[PDB]
Colleague: 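This structure is in structure tokens; I'll ask about it shortly.
Excluded from the calculations below are hydrogen atoms, water molecules and symmetry mates; all remaining heavy atoms, backbone and side chain alike, are included. Every chain is numbered from 1, with letters handed out A, B, ... down the list of sequences. Indexing begins at 1, ligand by ligand and atom by atom, following the structure's order.
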There are 2 protein chains.
Amino acid sequence: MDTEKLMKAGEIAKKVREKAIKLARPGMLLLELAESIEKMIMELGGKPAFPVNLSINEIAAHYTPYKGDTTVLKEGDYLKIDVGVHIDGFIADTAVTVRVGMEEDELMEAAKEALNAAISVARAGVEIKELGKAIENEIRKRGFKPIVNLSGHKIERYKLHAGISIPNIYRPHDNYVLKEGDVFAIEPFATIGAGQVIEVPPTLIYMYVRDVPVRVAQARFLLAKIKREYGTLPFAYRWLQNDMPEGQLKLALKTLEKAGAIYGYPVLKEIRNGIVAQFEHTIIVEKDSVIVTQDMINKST
Amino acid sequence: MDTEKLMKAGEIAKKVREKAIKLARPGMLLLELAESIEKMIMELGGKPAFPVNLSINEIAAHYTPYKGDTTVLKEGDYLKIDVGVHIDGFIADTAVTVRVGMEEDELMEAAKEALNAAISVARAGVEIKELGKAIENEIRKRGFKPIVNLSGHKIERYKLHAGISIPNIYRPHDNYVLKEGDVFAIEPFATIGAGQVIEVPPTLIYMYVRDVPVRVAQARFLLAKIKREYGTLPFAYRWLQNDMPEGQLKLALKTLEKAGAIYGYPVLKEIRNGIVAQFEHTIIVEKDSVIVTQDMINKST
Ligand SMILES: [Co+2]
Ligand SMILES: [Co+2]
Ligand SMILES: [Co+2]
Ligand SMILES: [Co+2]
Ligand SMILES: [Co+2]
Ligand SMILES: [Co+2]
């Protein structure tokens, strides 16, 4: 059922996340890491909810390797491993920051404790603004800044971002009350920069939006492909690299973007190039003591 | 009818808004201005969707006069007039900034243009992120900063803040898709300060949030009155200053808050005391959105 499938996605996400952390050592090629992770997900009976994100230092999110990517992990690098798994549409979304070859530092602890404080107050009947306050307080109290344009989000079947979000700053009108059964991802983002991310090249992730008319055949068929293979879930440029020539692929995606058929999600980096840390868990809201699907499994595997 | 009542609410809000501007002259007592406005709304056949807010300079919002308030408008003051009207629950929400006894300046122009830019791209099928994008670019381009924790919001029957917001900055994940029938208030806030607001005393606005048991007789009766006359819409401390002595009223309100029956909304000011400008309109999504808070429009295509 619902809960069962969700917890199952959570269990897989957890195993996959731990393995990634163990593989995230100096010299490790990002492409190999992303591949191993997505492979483990399928062999465990699940499917990726989106391409595994591996964002380093000032890159906050939306970075997933591509065939030919020579990028490798370096000691001291602040690697954000964001993995998502779904079972029949029920999504588990989790993330961690690892400082390659080193222990967690103050900045990383800020994001992790912000997440703990948010889960501590997150329960049925509480307004979202309360989580934002708790998150903002932990980050600023420790001397860092929260990212104002990246945060948590409601999750629904086959819908990574259901609409309602969980800010990392307190907003007086976030009066939305968490209901039992609600599925939310809480993602505190802390930085030493300004506290805002900007889009920058290249675009490695895309998502299907609408079924608009496309005159260009190659683009029109790429859309029909995307629509049925990925549906409403994010996909990686990497996942399509062996389908058609790089050149043609790049132009077909661009056409779909301008046509408004799909949305491109380029790399997000801190505006002042500030190091970014992130931690995330998916939880099921319940009358007090919410369940953390990506913790130790406590609902219905 | 449905859309009929909504349009009517906007008609009244518009007339009252334009009248408030004419009355916003040097020496005008805030208490007098609010009273005149709220009185005009009722004689016009409508009811305040909330107490008329009159927020000056670094005060962004949530300020409404009270019995005994001697504050008056001073020439050169950046007064933001935010007025709301509802017809049987259908709410119209609009606002404008006026530089008392003077003409529009740089800051004000930015906020107003930001609102026009959002409305321009607002149509069924568009993701909210596109509104935030247009808003931020108009404000940033003129050298000002948009307030990151105060913005637009979805509106529903007897529900000023439905849940979904329209930020004044670009957030990559605000993927909510505007759909026909949707009612939204676009509320750009611009400042020369840091770009964030904080809650500060006093608390002049409250709002019924939950039907919780209240034993205390005096506080219990006050709650019955609230639910009876204000329902789930915001109300002013001012609207209750004639029912009982200040002391009892304060304790009564504190008791209702402690029980979690009502929620207080304290004044909001720019964190760096920077001047704040605001402009706002309520729209109803269609094949091509229509502004509720303005004179009616033809068919055309
Ligand atoms: Co994302
Ligand atoms: Co995630
Ligand atoms: Co997430
Ligand atoms: Co408000
Ligand atoms: Co308003
Ligand atoms: Co509003």
Colleague: Please note down the angle at the Co ion (ligand 6) between OE2 of B/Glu280 and OD2 of B/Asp93, to the nearest 10°.
Modeller: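 With the Co ion (ligand 6) as the vertex, OD2 (B/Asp93) and OE2 (B/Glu280) sit 80° apart.
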Colleague: Before accepting this row, confirm whether a basic side-chain N of the pair A/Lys179/A/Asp182 lies closer than 4.0 Å to the acidic partner's carboxylate O.
Modeller: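 So A/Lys179 does not pair with A/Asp182 through a salt bridge.
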Colleague: Using the Co ion (ligand 6) as the vertex, how large is the angle between NE2 of B/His153 and OE1 of B/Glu187, rounded to 10 degrees?
Modeller: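 B/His153 NE2 and B/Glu187 OE1 form an angle of 90° at the Co ion (ligand 6).
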Colleague: Tell me if the NZ atom of B/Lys8 is crowded by more than 12 foreign heavy atoms within 6.0 Å.
Modeller: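 Incorrect, the count does not exceed 12.
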Colleague: Which N, O or S atom name in A/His173 marks its closest approach to the Co ion (ligand 4)?
Modeller: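 This residue's closest N, O or S atom turns out to be NE2.
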Colleague: Got a sec: does the NZ of B/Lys145 have more than 12 other heavy atoms crowding it under 6.0 Å?
Modeller: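 Counting neighbours around NZ of B/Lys145, 12 or fewer heavy atoms of other residues, nucleotides or ligands fall under 6.0 Å, so no.
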Colleague: Whether B/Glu130 and B/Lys133 form a salt bridge (side-chain N of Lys/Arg under 4.0 Å from carboxylate O of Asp/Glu) is what I want to check.
Modeller: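 Looking at B/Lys133 and B/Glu130, the cut-off is not met.
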